[PDB]
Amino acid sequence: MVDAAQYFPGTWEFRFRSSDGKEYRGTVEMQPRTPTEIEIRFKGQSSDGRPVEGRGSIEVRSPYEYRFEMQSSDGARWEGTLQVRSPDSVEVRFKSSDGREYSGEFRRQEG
């Protein structure tokens, strides 16, 4: 597995989409708080154009996989896991407080 504080810090673009077609896109900045807790700050917007922002984290908790959580200024609360696929690409799968199931991707940017 990747080393959390080696791998995740940086700027990423994201796209998340639910099975019903709701979609969020935006940019995140990740930085370590500790080696087991990577903080996320993000700005983005839903597919209806509504701007959102918020915070989240990637954490070491379970023995099996990274924990992923994000909370949005429009009230969306997201909790799930992720799978690193390459040096610049991470897939995510999560449940939302609105009852939706999402999949999505982070794509690493320069700066």
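In case it trips you up, residue 1 is the first one in the sequence shown, and so on.
Relative to one another, 11-19 and 92-100 have unequal mean CA B-factors, and 92-100 is the one with the higher figure.
The PDB entry assigns the greatest CA B-factor among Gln31, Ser47, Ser72, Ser57 to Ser47. Per the deposited record, the Cα B-factor of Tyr64 falls in the highest third when ranked against the other modelled residues of its chain. Among the modelled residues of its chain, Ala76 has a C-alpha B-factor that falls in the highest third according to the deposited record. Looking at the C-alpha B-factors along this chain, the one for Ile40 belongs to the lowest third. In this PDB entry, the Cα temperature factor of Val84 sits in the bottom third of its chain's modelled residues, the lowest group. Ranked against the other modelled residues of its chain, the C-alpha B-factor of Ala5 as given in the entry falls in the lowest third.
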